[PDB]
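K.L.:
You'll find protein-v2.cif just under this line, and it carries mmCIF, C-alpha atoms and all ligand atoms.
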data_query
#
loop_
_atom_site.label_atom_id
_atom_site.label_comp_id
_atom_site.auth_asym_id
_atom_site.auth_seq_id
_atom_site.Cartn_x
_atom_site.Cartn_y
_atom_site.Cartn_z
CA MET A 1 -9.45 -12.65 -19.53
CA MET A 2 -11.24 -14.04 -16.47
CA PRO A 3 -14.99 -13.27 -16.60
CA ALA A 4 -15.23 -14.39 -12.95
CA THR A 5 -12.31 -12.16 -11.92
CA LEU A 6 -12.52 -10.54 -8.51
CA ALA A 7 -11.30 -7.33 -10.15
CA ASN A 8 -15.01 -6.46 -10.07
CA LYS A 9 -15.12 -6.82 -6.27
CA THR A 10 -15.16 -3.92 -3.81
CA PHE A 11 -15.01 -3.62 -0.04
CA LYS A 12 -16.98 -1.05 1.96
CA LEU A 13 -14.87 1.19 4.21
CA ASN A 14 -16.20 2.20 7.62
CA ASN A 15 -17.36 5.52 6.10
CA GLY A 16 -19.29 3.87 3.27
CA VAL A 17 -16.75 4.49 0.50
CA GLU A 18 -16.20 1.53 -1.80
CA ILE A 19 -12.63 0.46 -2.58
CA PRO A 20 -11.80 -1.99 -5.40
CA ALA A 21 -10.38 -5.19 -3.98
CA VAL A 22 -7.45 -5.16 -6.46
CA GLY A 23 -5.32 -2.06 -6.91
CA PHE A 24 -2.28 -1.39 -9.07
CA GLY A 25 0.95 -0.57 -7.24
CA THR A 26 2.75 2.26 -9.06
CA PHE A 27 6.11 2.22 -7.24
CA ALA A 28 8.97 2.50 -9.75
CA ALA A 29 11.99 2.83 -7.45
CA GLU A 30 14.19 2.44 -10.58
CA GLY A 31 13.16 4.83 -13.36
CA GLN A 32 12.85 5.44 -16.07
CA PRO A 33 11.29 8.63 -17.36
CA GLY A 34 8.06 7.36 -18.96
CA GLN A 35 7.88 3.91 -17.36
CA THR A 36 5.26 4.85 -14.77
CA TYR A 37 3.11 6.36 -17.51
CA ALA A 38 3.21 3.22 -19.63
CA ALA A 39 2.57 0.90 -16.69
CA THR A 40 -0.29 2.97 -15.29
CA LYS A 41 -1.80 3.27 -18.75
CA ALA A 42 -1.52 -0.50 -19.14
CA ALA A 43 -3.20 -1.09 -15.79
CA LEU A 44 -6.12 1.21 -16.63
CA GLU A 45 -6.63 -0.46 -19.99
CA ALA A 46 -6.45 -3.90 -18.38
CA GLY A 47 -9.40 -3.08 -16.09
CA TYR A 48 -7.74 -1.78 -12.96
CA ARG A 49 -9.85 0.92 -11.31
CA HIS A 50 -7.68 1.34 -8.19
CA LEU A 51 -4.29 3.04 -8.37
CA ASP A 52 -1.95 3.16 -5.38
CA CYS A 53 0.54 6.05 -5.39
CA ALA A 54 2.82 7.99 -3.08
CA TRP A 55 4.67 11.26 -2.93
CA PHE A 56 7.77 9.22 -2.04
CA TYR A 57 8.10 7.63 -5.48
CA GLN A 58 8.18 11.03 -7.21
CA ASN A 59 6.22 9.74 -10.22
CA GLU A 60 2.71 11.05 -9.59
CA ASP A 61 3.14 13.40 -12.54
CA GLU A 62 3.40 10.46 -14.93
CA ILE A 63 0.40 8.86 -13.25
CA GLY A 64 -1.62 12.07 -13.72
CA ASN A 65 -0.96 12.09 -17.46
CA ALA A 66 -1.82 8.38 -17.68
CA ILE A 67 -5.19 8.93 -15.98
CA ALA A 68 -5.89 12.01 -18.08
CA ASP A 69 -4.93 10.29 -21.33
CA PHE A 70 -6.95 7.17 -20.45
CA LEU A 71 -10.01 9.27 -19.66
CA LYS A 72 -9.65 11.31 -22.86
CA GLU A 73 -9.38 8.09 -24.90
CA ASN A 74 -12.37 6.43 -23.17
CA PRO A 75 -15.24 8.92 -22.80
CA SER A 76 -17.45 6.24 -21.21
CA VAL A 77 -15.19 6.16 -18.12
CA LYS A 78 -15.35 8.99 -15.56
CA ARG A 79 -12.72 10.06 -13.04
CA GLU A 80 -15.33 9.08 -10.45
CA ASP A 81 -14.97 5.47 -11.66
CA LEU A 82 -11.33 5.43 -10.46
CA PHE A 83 -10.11 4.92 -6.90
CA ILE A 84 -6.91 6.96 -6.41
CA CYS A 85 -4.78 6.61 -3.28
CA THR A 86 -1.71 8.63 -2.33
CA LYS A 87 0.41 9.10 0.79
CA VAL A 88 2.44 11.70 2.72
CA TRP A 89 6.04 10.85 3.56
CA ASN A 90 7.81 10.93 6.95
CA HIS A 91 9.46 14.38 6.68
CA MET A 92 6.02 15.99 6.15
CA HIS A 93 4.07 15.00 9.31
CA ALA A 94 3.81 18.61 10.51
CA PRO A 95 0.15 19.65 9.99
CA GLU A 96 0.82 22.31 7.40
CA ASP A 97 3.21 19.94 5.57
CA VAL A 98 0.53 17.23 5.45
CA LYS A 99 -1.80 19.62 3.63
CA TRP A 100 1.01 20.83 1.38
CA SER A 101 1.83 17.23 0.45
CA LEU A 102 -1.71 16.38 -0.61
CA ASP A 103 -1.97 19.68 -2.50
CA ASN A 104 1.27 18.81 -4.30
CA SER A 105 0.12 15.25 -5.07
CA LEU A 106 -3.26 16.56 -6.28
CA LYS A 107 -1.44 18.93 -8.62
CA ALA A 108 0.80 16.23 -10.13
CA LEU A 109 -2.05 13.74 -10.49
CA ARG A 110 -4.16 16.45 -12.14
CA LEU A 111 -7.02 15.69 -9.73
CA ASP A 112 -9.30 17.73 -7.49
CA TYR A 113 -9.45 15.05 -4.78
CA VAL A 114 -8.09 11.62 -3.99
CA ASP A 115 -10.15 8.67 -2.94
CA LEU A 116 -7.75 7.61 -0.18
CA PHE A 117 -5.02 9.54 1.67
CA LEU A 118 -2.57 7.67 3.92
CA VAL A 119 0.14 8.55 6.40
CA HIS A 120 2.88 6.47 4.86
CA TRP A 121 4.76 5.54 8.08
CA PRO A 122 4.06 6.19 11.79
CA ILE A 123 7.42 7.99 11.84
CA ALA A 124 7.87 11.77 11.77
CA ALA A 125 11.22 13.12 10.53
CA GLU A 126 12.69 16.59 9.99
CA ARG A 127 12.62 18.29 6.60
CA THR A 128 14.83 20.74 4.73
CA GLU A 129 13.79 24.23 3.72
CA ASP A 130 12.93 22.86 0.25
CA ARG A 131 10.75 20.06 1.62
CA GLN A 132 13.20 17.16 1.23
CA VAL A 133 14.25 14.58 3.83
CA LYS A 134 16.84 16.14 6.15
CA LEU A 135 19.80 13.81 6.75
CA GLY A 136 21.63 13.71 10.06
CA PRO A 137 25.38 13.38 10.57
CA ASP A 138 25.17 9.56 10.18
CA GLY A 139 23.21 10.02 6.96
CA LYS A 140 19.91 8.81 8.45
CA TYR A 141 16.55 10.48 8.95
CA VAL A 142 16.45 13.00 11.81
CA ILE A 143 13.56 11.79 13.96
CA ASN A 144 11.06 14.20 15.53
CA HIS A 145 10.27 12.22 18.63
CA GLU A 146 7.43 14.47 19.83
CA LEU A 147 5.50 14.13 16.57
CA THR A 148 6.37 10.41 16.29
CA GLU A 149 5.15 9.46 19.76
CA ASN A 150 2.14 11.80 19.69
CA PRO A 151 0.87 11.81 16.10
CA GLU A 152 -2.36 13.62 16.98
CA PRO A 153 -1.39 16.88 15.19
CA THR A 154 -0.61 14.88 12.04
CA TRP A 155 -3.92 13.02 12.21
CA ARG A 156 -5.93 16.21 12.85
CA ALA A 157 -4.46 17.49 9.59
CA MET A 158 -5.68 14.37 7.77
CA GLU A 159 -9.08 14.82 9.43
CA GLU A 160 -9.29 18.39 8.15
CA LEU A 161 -8.36 17.36 4.63
CA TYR A 162 -11.09 14.70 4.81
CA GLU A 163 -13.68 17.21 5.98
CA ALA A 164 -12.47 19.56 3.20
CA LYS A 165 -13.43 16.72 0.78
CA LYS A 166 -9.90 16.62 -0.59
CA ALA A 167 -9.76 12.97 0.50
CA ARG A 168 -12.84 10.74 0.44
CA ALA A 169 -11.24 8.57 3.13
CA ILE A 170 -8.16 8.81 5.33
CA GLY A 171 -5.97 5.95 6.54
CA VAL A 172 -2.54 4.75 7.68
CA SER A 173 0.29 2.54 6.41
CA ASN A 174 2.67 0.33 8.44
CA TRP A 175 0.73 1.08 11.64
CA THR A 176 1.03 -1.46 14.46
CA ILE A 177 -1.69 -2.80 16.75
CA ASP A 178 -0.54 -0.59 19.60
CA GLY A 179 -0.19 2.30 17.18
CA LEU A 180 -3.81 1.85 16.15
CA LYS A 181 -4.92 1.73 19.78
CA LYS A 182 -3.14 5.02 20.43
CA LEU A 183 -4.66 6.60 17.33
CA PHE A 184 -8.20 5.43 18.13
CA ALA A 185 -7.97 7.32 21.42
CA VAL A 186 -7.14 10.70 19.86
CA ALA A 187 -8.98 10.25 16.54
CA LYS A 188 -12.30 11.84 15.64
CA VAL A 189 -12.29 10.05 12.27
CA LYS A 190 -11.14 6.45 12.64
CA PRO A 191 -8.61 5.43 9.96
CA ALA A 192 -10.41 3.57 7.22
CA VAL A 193 -7.42 1.58 5.97
CA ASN A 194 -4.12 0.26 7.28
CA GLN A 195 -1.88 -0.52 4.32
CA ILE A 196 0.73 -3.09 5.45
CA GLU A 197 2.97 -5.81 4.06
CA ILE A 198 0.89 -9.01 3.71
CA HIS A 199 1.75 -12.23 1.81
CA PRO A 200 2.32 -15.96 2.57
CA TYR A 201 5.80 -15.31 3.97
CA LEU A 202 4.37 -12.56 6.21
CA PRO A 203 0.72 -13.45 6.92
CA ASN A 204 0.48 -10.65 9.50
CA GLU A 205 -2.57 -12.46 10.84
CA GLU A 206 -2.74 -10.90 14.31
CA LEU A 207 -2.70 -7.38 12.84
CA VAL A 208 -5.06 -8.34 10.02
CA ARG A 209 -7.47 -9.78 12.59
CA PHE A 210 -7.22 -6.74 14.84
CA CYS A 211 -7.97 -4.39 11.95
CA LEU A 212 -10.98 -6.40 10.72
CA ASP A 213 -12.29 -6.63 14.32
CA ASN A 214 -11.99 -2.84 14.52
CA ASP A 215 -13.53 -1.51 11.31
CA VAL A 216 -10.13 -0.78 9.75
CA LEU A 217 -9.70 -2.53 6.40
CA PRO A 218 -6.16 -3.82 5.67
CA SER A 219 -4.62 -3.48 2.25
CA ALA A 220 -1.62 -5.52 1.27
CA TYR A 221 1.44 -4.09 -0.29
CA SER A 222 3.94 -6.63 -1.60
CA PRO A 223 1.09 -9.20 -1.89
CA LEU A 224 3.29 -11.32 -4.17
CA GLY A 225 6.16 -11.12 -1.68
CA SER A 226 8.88 -9.41 -3.50
CA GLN A 227 11.40 -11.17 -5.73
CA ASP A 228 13.70 -9.77 -3.03
CA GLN A 229 14.88 -13.27 -2.07
CA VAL A 230 14.71 -14.04 1.71
CA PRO A 231 18.05 -12.79 3.12
CA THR A 232 18.81 -15.40 5.81
CA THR A 233 17.87 -18.36 3.59
CA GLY A 234 18.12 -17.25 -0.07
CA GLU A 235 14.66 -18.46 -1.11
CA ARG A 236 12.08 -16.61 -3.18
CA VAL A 237 8.35 -16.56 -2.48
CA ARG A 238 7.70 -17.24 -6.15
CA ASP A 239 10.00 -20.29 -6.05
CA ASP A 240 8.15 -21.86 -3.12
CA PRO A 241 7.13 -25.42 -4.14
CA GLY A 242 4.04 -25.55 -1.93
CA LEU A 243 2.75 -22.27 -3.37
CA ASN A 244 3.54 -23.36 -6.91
CA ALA A 245 1.79 -26.71 -6.40
CA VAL A 246 -1.55 -25.07 -5.56
CA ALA A 247 -1.26 -22.78 -8.61
CA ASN A 248 -0.24 -25.56 -10.99
CA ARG A 249 -2.93 -28.00 -9.89
CA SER A 250 -5.57 -25.32 -10.68
CA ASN A 251 -4.24 -23.94 -13.99
CA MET A 252 -3.61 -20.44 -12.57
CA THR A 253 -0.42 -18.44 -12.14
CA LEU A 254 1.46 -18.29 -8.85
CA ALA A 255 0.73 -14.55 -8.60
CA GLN A 256 -3.00 -15.10 -9.18
CA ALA A 257 -3.09 -17.71 -6.42
CA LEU A 258 -1.33 -15.30 -4.02
CA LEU A 259 -3.64 -12.42 -4.93
CA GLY A 260 -6.70 -14.68 -4.64
CA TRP A 261 -5.50 -15.80 -1.21
CA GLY A 262 -5.33 -12.19 -0.01
CA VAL A 263 -8.77 -11.12 -1.21
CA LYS A 264 -10.23 -14.33 0.21
CA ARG A 265 -8.85 -13.41 3.63
CA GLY A 266 -10.91 -10.20 3.20
CA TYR A 267 -8.47 -7.35 2.31
CA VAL A 268 -7.23 -5.30 -0.62
CA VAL A 269 -4.22 -6.45 -2.61
CA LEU A 270 -1.87 -4.11 -4.44
CA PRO A 271 0.28 -6.02 -6.94
CA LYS A 272 2.97 -3.97 -8.67
CA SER A 273 4.53 -4.62 -12.07
CA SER A 274 6.24 -2.72 -14.88
CA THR A 275 5.77 -5.54 -17.36
CA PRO A 276 2.60 -5.38 -19.53
CA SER A 277 2.16 -9.17 -19.54
CA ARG A 278 2.20 -9.15 -15.73
CA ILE A 279 0.03 -6.06 -15.36
CA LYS A 280 -2.63 -7.78 -17.51
CA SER A 281 -2.31 -11.15 -15.80
CA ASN A 282 -2.50 -9.82 -12.23
CA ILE A 283 -5.95 -8.26 -12.77
CA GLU A 284 -7.32 -11.81 -13.27
CA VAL A 285 -7.82 -12.71 -9.60
CA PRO A 286 -9.60 -16.06 -9.07
CA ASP A 287 -12.12 -16.94 -6.37
CA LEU A 288 -10.12 -19.72 -4.74
CA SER A 289 -11.54 -23.11 -3.90
CA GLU A 290 -11.53 -24.18 -0.26
CA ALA A 291 -8.73 -26.72 -0.85
CA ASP A 292 -6.50 -24.18 -2.62
CA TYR A 293 -7.10 -21.57 0.06
CA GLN A 294 -6.29 -24.00 2.88
CA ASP A 295 -3.17 -25.38 1.22
CA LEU A 296 -1.74 -21.89 0.70
CA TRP A 297 -2.40 -21.29 4.38
CA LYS A 298 -0.45 -24.49 5.11
CA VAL A 299 2.60 -22.98 3.42
CA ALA A 300 2.21 -19.74 5.33
CA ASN A 301 1.72 -21.55 8.64
CA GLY A 302 4.64 -23.93 8.12
CA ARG A 303 7.40 -21.33 8.34
CA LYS A 304 8.90 -18.43 10.31
CA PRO A 305 7.65 -14.99 9.14
CA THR A 306 10.00 -12.89 7.03
CA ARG A 307 9.40 -9.14 6.59
CA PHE A 308 10.86 -7.88 3.31
CA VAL A 309 10.20 -4.13 3.84
CA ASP A 310 12.07 -2.76 6.86
CA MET A 311 13.67 0.67 6.40
CA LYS A 312 15.35 0.60 9.84
CA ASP A 313 18.75 1.40 8.40
CA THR A 314 17.51 4.34 6.33
CA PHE A 315 15.31 5.87 9.00
CA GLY A 316 17.60 5.39 11.95
CA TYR A 317 14.41 4.24 13.70
CA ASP A 318 13.31 0.67 14.50
CA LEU A 319 9.52 0.37 14.27
CA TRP A 320 9.14 -3.40 14.48
CA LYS A 321 12.07 -4.23 16.86
CA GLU A 322 12.96 -7.50 15.12
CA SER A 323 16.31 -9.24 15.55
CA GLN A 324 18.26 -12.32 14.48
CA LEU A 325 17.69 -14.04 17.85
CA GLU A 326 14.93 -13.54 20.43
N1 LIG G 401 5.11 1.28 2.86
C1 LIG G 401 4.04 1.17 1.85
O1 LIG G 401 2.94 1.66 1.98
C2 LIG G 401 4.37 0.35 0.59
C3 LIG G 401 5.53 -0.35 0.53
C4 LIG G 401 5.81 -1.09 -0.57
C5 LIG G 401 4.91 -1.14 -1.62
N2 LIG G 401 3.73 -0.47 -1.57
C6 LIG G 401 2.77 -0.51 -2.68
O2 LIG G 401 2.36 -2.01 -3.19
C7 LIG G 401 2.99 -2.32 -4.31
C8 LIG G 401 3.66 -3.74 -4.16
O3 LIG G 401 4.97 -3.71 -3.67
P1 LIG G 401 6.16 -4.74 -4.19
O4 LIG G 401 6.59 -4.46 -5.60
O5 LIG G 401 7.35 -4.57 -3.29
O6 LIG G 401 5.70 -6.33 -4.13
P2 LIG G 401 4.67 -7.17 -5.14
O7 LIG G 401 3.44 -6.43 -5.57
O8 LIG G 401 4.26 -8.33 -4.27
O9 LIG G 401 5.43 -7.67 -6.52
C9 LIG G 401 6.79 -7.39 -6.67
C10 LIG G 401 7.38 -7.98 -7.98
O10 LIG G 401 6.79 -9.07 -8.37
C11 LIG G 401 6.94 -9.10 -9.97
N3 LIG G 401 5.65 -9.55 -10.49
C12 LIG G 401 4.48 -8.88 -10.57
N4 LIG G 401 3.57 -9.66 -11.11
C13 LIG G 401 4.13 -10.84 -11.36
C14 LIG G 401 3.60 -11.99 -11.91
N5 LIG G 401 2.31 -12.39 -12.44
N6 LIG G 401 4.37 -13.05 -12.07
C15 LIG G 401 5.68 -12.99 -11.68
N7 LIG G 401 6.20 -11.86 -11.13
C16 LIG G 401 5.42 -10.78 -10.98
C17 LIG G 401 7.13 -7.88 -10.47
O11 LIG G 401 8.37 -7.58 -11.29
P3 LIG G 401 8.32 -6.56 -12.61
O12 LIG G 401 8.06 -5.17 -12.12
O13 LIG G 401 9.61 -6.56 -13.39
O14 LIG G 401 7.21 -6.96 -13.56
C18 LIG G 401 7.14 -7.02 -9.18
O15 LIG G 401 8.18 -6.16 -9.26
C19 LIG G 401 3.92 -1.10 -4.53
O16 LIG G 401 3.95 -0.72 -5.83
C20 LIG G 401 3.29 0.08 -3.74
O17 LIG G 401 2.25 0.85 -4.52
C21 LIG G 401 3.46 0.29 -0.46
#
The structure in this file should be written as C-alpha cells.
P.N.:
Amino acid sequence: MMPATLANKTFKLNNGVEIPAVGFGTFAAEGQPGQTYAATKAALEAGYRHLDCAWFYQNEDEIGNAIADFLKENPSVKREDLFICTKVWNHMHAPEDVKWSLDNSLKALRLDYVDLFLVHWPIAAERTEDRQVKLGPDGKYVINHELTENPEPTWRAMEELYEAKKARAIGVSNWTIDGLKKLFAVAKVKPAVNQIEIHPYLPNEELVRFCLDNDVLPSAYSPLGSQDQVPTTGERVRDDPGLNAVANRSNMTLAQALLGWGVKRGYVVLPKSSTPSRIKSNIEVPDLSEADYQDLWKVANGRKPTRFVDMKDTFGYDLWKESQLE
C-alpha cells in the first residue's frame, strides 16, 4: 500500500464534476465468462473508484454485478462514490441509437446514470437490424460519411442525455485537434474529456496541450503502452531500459512510473489488467520526483512515436493517415 498514492487525486472537469485521476480499464478482449467480474471486483477492493467501460467490450453485465456485489458487501461505500464511464460504438452514432446505447449500458451496469459518457470514435458506421456492426463486401465497416464528417446530430444526442441527467458529463475518445475544433463550433456543451492513447512511446503532446489549453481534460488509455511489442522494431515499452532505469533507481515498478508520469503531466490514466497482483499494484501511483519525471520525458523525446491502437484495417477508414514513409 502507498499512503501517498495519487489514487486519492481527482481532476475537475469543465462542468465541475470531479474525476478520479486513476481509473481501471475493464477491456477483456479475450474472455472469459467471469473474468471481468473478478477483475472489476479486485479493482474496487483495491481502492479504485473510477471504472472505464464500453459497449464494445460486451462485458458491462459482469461489471454491473461487480459494482452491485461490492456495494452490498461494503455498506459504507455509496454508488455516488464511484465514477463510471461508458461509451457508444461506431455503428450507433445515429441520435436514437446513441440514446439506445446508453440505455442498454445503464441496464447492464445496473445503474441509473453514468458519470461519463463518450463517443468512442469520431467514425460513424452502418448497423444491422439487430444493432450489430454491418460488414461490407470487403468485410469492413460500412462508413456513413455524412454522419462522420458532420457529427452534430450525434453530439446533440449526447447533449440531450447530459441534460436528462443520464450522464453527469459527456466527452469524446480518439478525437483529433481538428476534430475538436469542428465540434467546438457546433457544440452547446463542450466535451469534458478526450480519451486518447497516451504513453512514453506516444506522448501525444500537441493534442494533450491543445486539450488542456481548451478546457478538455485528456484521459489516457494504454498508459502502460501495451505489451503489443512495437511492430517495425520488435521492442516492448515495458522492456525499455531508460524507462526501467528510472523505476529501478526509485524502488517503484515500471508501471507505477509510467502511471505517475501521466498524472504528473495533468491527465487521467486508465491502466488495464486481469491479474490481481497487477490490479493492486497499479493503484499505487507515486508523485514523481523532478528528476524521475524529466528522465522519463527523455525516453519519450528520444524516439519516433508509435501508435499501438489503429483500427484502420477493421474500419476501412483511416483517421490518423499515418504511413511507413512520409
Ligand atoms: N479507443 C478507446 O477509448 C480505448 C482503447 C483502448 C483501451 N481503452 C481503455 O484503457 C485501458 C488500457 O488499454 P490497454 O490494455 O491496451 O493498455 P495498458 O493499460 O497500458 O496495459 C496493457 C497491459 O499491460 C499489462 N499490465 C498491467 N499492469 C501491469 C503491471 N504493473 N506490470 C506489468 N504489466 C502490466 C497487463 O496484462 P494482464 O492483463 O495480463 O495483467 C495489460 O494487459 C482499456 O482497458 C480500456 O478501458 C480505451
K.L.:
Counting all atoms listed in the file, give me one row per residue of stretch 28-63 of chain A with an atom at most 12 Å from an atom of stretch 263-269 of chain A, showing the shortest contact pair and its distance in Å to one decimal, sorted by chain then residue number, as JSON lines.
P.N.:
{"residue": "A:48", "atom": "CA", "partner": "A:269", "partner_atom": "CA", "distance": 11.9}
{"residue": "A:50", "atom": "CA", "partner": "A:268", "partner_atom": "CA", "distance": 10.1}
{"residue": "A:51", "atom": "CA", "partner": "A:269", "partner_atom": "CA", "distance": 11.1}
{"residue": "A:52", "atom": "CA", "partner": "A:269", "partner_atom": "CA", "distance": 10.3}
K.L.:
Per residue of chain A within 6 Å of ligand LIG 401 (chain G), note the shortest atom pair and the distance in Å to one decimal, counting all atoms listed in the file, and order the rows by chain and increasing residue number, as a tab-separated table.
P.N.:
residue	atom	partner	partner_atom	distance
A:25	CA	G:LIG401	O16	3.3
A:26	CA	G:LIG401	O16	4.6
A:27	CA	G:LIG401	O16	3.9
A:52	CA	G:LIG401	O17	4.9
A:53	CA	G:LIG401	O17	5.5
A:120	CA	G:LIG401	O1	5.6
A:173	CA	G:LIG401	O1	5.2
A:195	CA	G:LIG401	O1	5.8
A:221	CA	G:LIG401	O2	3.7
A:222	CA	G:LIG401	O6	3.1
A:223	CA	G:LIG401	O8	4.1
A:224	CA	G:LIG401	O8	3.1
A:225	CA	G:LIG401	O8	4.3
A:226	CA	G:LIG401	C9	4.3
A:227	CA	G:LIG401	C10	5.6
A:255	CA	G:LIG401	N5	4.7
A:270	CA	G:LIG401	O2	4.9
A:271	CA	G:LIG401	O7	3.5
A:272	CA	G:LIG401	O7	4.0
A:273	CA	G:LIG401	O12	3.6
A:274	CA	G:LIG401	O12	4.1
A:275	CA	G:LIG401	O14	4.3
A:278	CA	G:LIG401	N5	4.6
A:281	CA	G:LIG401	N5	5.8
A:282	CA	G:LIG401	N5	5.5
K.L.:
Could you work out an axis-aligned box for stretch 91-107 of chain A, taking every atom the file lists and adding 5 Å on each side, and report centre and edge lengths in Å to one decimal, as JSON?
P.N.:
{"center_x": 3.1, "center_y": 18.3, "center_z": 0.9, "size_x": 22.7, "size_y": 17.9, "size_z": 29.1}
K.L.:
Quick check, in Å to one decimal: how far apart do atom CA of residue A:220 and atom CA of residue A:261 lie?
P.N.:
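According to the coordinates, atom CA of residue A:220 and atom CA of residue A:261 are separated by 11.3 Å.
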K.L.:
Which residue out of A:122, A:276, A:64, A:75 has the minimum interatomic distance to residue A:46 when all atoms listed in the file are used?
P.N.:
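Selected residue with least distance to residue A:46: A:276.
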K.L.:
Could you please determine the separation between atom CA of residue A:315 and atom CA of residue A:138 in Å, to one decimal place?
P.N.:
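Here the two named atoms are 10.6 Å from each other.
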K.L.:
Which residue gives the smallest distance to residue A:60 among A:19, A:111, A:279, A:183, with only C-alpha atoms counted?
P.N.:
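Nearest candidate to residue A:60 out of A:19, A:111, A:279, A:183: A:111.
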